[PDB]
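Let me begin by presenting the structure, written as structure tokens, before commenting on it.
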Amino acid sequence: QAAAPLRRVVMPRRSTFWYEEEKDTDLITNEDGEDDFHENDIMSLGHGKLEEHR
Amino acid sequence: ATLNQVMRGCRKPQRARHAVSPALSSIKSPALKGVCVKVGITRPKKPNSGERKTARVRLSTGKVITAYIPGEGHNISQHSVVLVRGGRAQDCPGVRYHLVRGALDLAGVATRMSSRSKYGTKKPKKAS
Amino acid sequence: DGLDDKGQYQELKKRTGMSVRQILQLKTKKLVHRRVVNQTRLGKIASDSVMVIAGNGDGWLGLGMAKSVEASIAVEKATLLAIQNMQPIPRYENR
Amino acid sequence: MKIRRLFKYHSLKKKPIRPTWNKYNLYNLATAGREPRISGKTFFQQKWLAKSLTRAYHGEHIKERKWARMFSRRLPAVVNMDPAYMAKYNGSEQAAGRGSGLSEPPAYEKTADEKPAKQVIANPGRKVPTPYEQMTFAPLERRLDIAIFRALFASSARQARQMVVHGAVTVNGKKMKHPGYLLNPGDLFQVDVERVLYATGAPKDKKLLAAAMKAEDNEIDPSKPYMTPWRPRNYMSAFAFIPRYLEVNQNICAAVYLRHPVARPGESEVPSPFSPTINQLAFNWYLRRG
Amino acid sequence: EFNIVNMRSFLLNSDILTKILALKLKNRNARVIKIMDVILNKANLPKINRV
RNA sequence: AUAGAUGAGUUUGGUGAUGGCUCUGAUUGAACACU
Ligand SMILES: [Mg+2]
Ligand SMILES: [Mg+2]
Ligand SMILES: [Mg+2]
């Protein structure tokens, strides 16, 4: 019963972006908030200047 | 027009429109028999291109018309009795009639499978 | 509920004031679709002018009209305009 | 001779709803789409889709030409009049104000006032729509073979048609052999009890009966077409309903055609598994068959 | 020596962006215009005072 | 007799008009082709 929710196959969202053609049901998730920006990263051009400081 | 102008007969029948197949529409006939005066080829007009198989038929009423031969390959020639029906070749000028394929001398397309009733083709009977 | 995957009903959600789920329950229909063309210095520019209607089926109807180079975008413009231009239509016995 | 139109009668791929109690039909009826897709279809493509869906059930065994003229633009209906209202009011209050009665405050003001305004005088049960669109196929409910199937005397509209053609039905005590006979209000049609028990009974199984050779209530009788003791067909409860224009008596397998099907405010008497949206397009098709 | 930088959003690097959009378009039944709109909708731009 | 009144394709770079043509409905004391 504890492992039941792990093997339960999740149905992709109706209007999905990542699992529209994914045939590996193990990776299919709810997809909610997976692309929200939490203001915790900069552009690749910024990492060049940050690595320079390190 | 005023009521006086109508009372004197201003309303007249609209000018008649020419029929698609006048030789048949004039006498209310669905088809007519005729002898082939000439069997040749007609060239379509500007947009289309090719060779349209036509026949100069002398109807039993005396009129000489040009009929289109539908299908691939025909059997009629000079002095051939064929049945004519209405309907015209749109791209051919003067070809205002069609020949019936299951007619007297004109034979139906032998190697025909689809729309056999349009080309007077008996069923292959290969199953029986 | 993730229904709006392109944020197209965000502004319409403010004007009208109904959830996206309630917006999708309206009866929309693309009535007219014209292929208009404008002659410009750079050649012909063909657009897709469409007209869309929206209604509840219970005394509300709205007419929207928009054009665009893409037939899909014009149908969305006209749909948003049709849902915000809805008006009450008087009916005799609601029939 | 089986025509091309009856090949996939209970197709699980096409899912046509037929007028029978077949188990394949029960699955097509239960799993029918909540709403056919008419979003981007043209007006003709909608009327043809609705005509194909409805004609798969209503008058399935009747030619398209015969039903095209059997279709009637006359949709009968009735209204309920409460004697208590007609005894206290003469209808004048309905013409108050400027001809349509007094005006009531808008809905956003009533609840605001803790006191609800006095109930407006009117006949009870008003301001409820009548489903006229659902009566498109009412004329079919008058045929004899259909009435037999609606009385639960047959498992299908085609099996009931055979009972008539085979002289097993009796209208007003006289033998009737025409399935197209249009019942009149008051006619009493009666089917032979033996044909009803077989039509609605369970199939005669030899394997199970072979085990029951020797191993109120009834007994076994292998000299009858149906399985004894008589038990109702499987899945017959999912189709068990009798309309209100019939008065059936199962003891003798007889029923009376009380009246014609009518539409009442908020109810229809034509058994149809389709929504008003589809019955509205089917009606619009047969206005001019195009 | 490897210096692998984990990006929180695939929009912060152009290489990873054109790669994802290309995989989506490789399917025959892919709606080109619709896929571009979904990506742009995921892109959040900060508030600004134009003046 | 109180339910009975409906459209569609086609002229233009495009738009709105004008105006024919054709299709959609019903039918025959019909003919022909395949049955
Ligand atoms: Mg031409
Ligand atoms: Mg074929
Ligand atoms: Mg000009």
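Observations
- Scattering from region C:47-95 was approximated by placing one identical point on each alpha carbon and applying the Debye formula without solvent; log10 I(q)/I(0) at 0.17, 0.32 1/Å stands at -0.49, -1.03.
- Here region C:66-85 and region B:44-83 have alpha carbon centers that stand 54 Å from each other.
- Top of B:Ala55, B:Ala67, B:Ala110 by mean-square fluctuation, Gaussian network on chain B, Cα under 10 Å: B:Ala110
- Residue mean of other protein chain beta carbons inside 10 Å, A:35-44: 5
- Computed over the alpha-carbon atoms, region B:24-63 gives an Rg to Rh ratio of 1.11, Rh here being the Kirkwood radius from the mean inverse distance.
- Counting beta carbons within 10 Å around each of D:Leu6, D:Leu182, C:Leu12 and listing the fewest first gives the order D:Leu6, D:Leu182, C:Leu12.
- Calculated from backbone phi, Karplus (6.51, -1.76, 1.60) coupling profile of region C:4-17 in Hz, x at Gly/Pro: 8, 8, 9, x, 7, 9, 6, 5, 5, 5, 8, 4, 6, x
- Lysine pair count for region D:113-262 (Cα-Cα distance under 18 Å; residues 8 or more apart in sequence or on different chains): 7.
- With a Förster radius of 22 Å applied to the beta-carbon distance between D:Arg231 and D:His166, the computed FRET efficiency rounds to 0.35.
- Spacing of the two label points (7 Å from each Cα toward its C-beta) at D:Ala238 and D:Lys224, in nm: 2.7
- Placing +1 on the Cβ of every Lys and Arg and -1 on the Cβ of every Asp and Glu, with no other charges, gives the protein assembly as shown a dipole of roughly 5340 debye about its Cα centre.
- Under-5 Å amide H pairs with D:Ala263, H placed in peptide plane, nonlocal only: D:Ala77, D:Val78
- For chain C, the Rg and Dmax computed from alpha carbons only, in angstrom: 15.6, 56
- Förster radius 35 Å - calculated FRET efficiency between E:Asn49 and C:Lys67, Cβ distance, rounded to 0.05: 0.60
- Proximal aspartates and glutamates to B:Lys33, defined as alpha-carbon separation beneath 17 angstrom and excluding residues fewer than eight positions away on the same chain: B:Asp105
- Computed about the Cα centre, the dipole magnitude for chain C is approximately 380 debye when only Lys and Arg (+1) and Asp and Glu (-1) carry charge, each at its Cβ.
- Our note on the geometry: Cα centres of region D:176-237 and region A:1-48, 59 Å apart.
- Spatially, region D:127-174 and region D:37-99 are offset by 19 Å when compared through their Cα centroids.
- Here chain D is assigned +1 on the Cβ of each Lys and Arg and -1 on the Cβ of each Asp and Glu. Its dipole about the Cα centre then comes out at about 1900 debye.
- Residues E:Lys42 and A:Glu52, FRET efficiency given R0 of 22 Å [Cβ-Cβ distance, rounded to 0.05]: 0.15
- Rounded to whole Å, the principal axis extents of the Cα atoms in the protein assembly as shown read 103, 89, 84, largest first.
- Volume per residue of the convex hull around the Cα atoms, evaluated for region D:35-94, comes out as 214 Å³.
- Selected from D:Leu208, D:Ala255, D:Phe274, residue furthest toward positive end of dipole (region D:174-290; charges at beta carbon): D:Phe274
- With only the Cα atoms considered, chain B has a convex hull volume of 180 Å³ per residue.
- Karplus 3J(HN,Hα) series, Hz, for region A:26-40 with 6.51 cos²θ - 1.76 cosθ + 1.60 (x for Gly, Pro): 6, 8, 5, 10, 5, 6, 6, x, 5, 10, 6, 9, 8, 6, 10
- Extreme residue, positive dipole direction of region D:115-192, given options D:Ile148, D:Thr130, D:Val165 (C-beta unit charges): D:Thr130
- Across q = 0.12, 0.15, 0.16, 0.20 Å⁻¹, region D:136-290 modelled as identical point scatterers on its alpha-carbon atoms has Debye log10 I(q)/I(0) values of -0.61, -0.86, -0.95, -1.25, in the order of the q list.
- The order of D:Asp145, D:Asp187, going from fewest to most other C-beta atoms within 10 Å of their C-beta, is D:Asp187, D:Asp145.
- Its Cα gyration tensor gives chain E an equivalent ellipsoid, and the semi-axes of that ellipsoid, as √(5λ) in whole Å with the largest first, are 24, 22, 7.
- Nonlocal amide H pairs with C:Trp60, under 5 Å, H built at 1.01 Å: C:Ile89
- Label separation (A:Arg8 vs B:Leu104): 8.5 nm, computed from points 7 Å beyond Cα along the C-beta direction.
- Kirkwood analysis of chain D, using all unique Cα-Cα pairs, places the hydrodynamic radius at 22.6 Å.
- Simple spin-label estimate for D:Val248 and D:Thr277 in nanometres, 7 Å along Cα-Cβ: 3.2
Just so you know, all these numbers are worked out from the coordinates, no wet-lab data involved. Methodologically, a virtual Cβ is constructed for each residue, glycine included, from the backbone with ideal geometry; neighbour enumeration extends over all protein chains shown.
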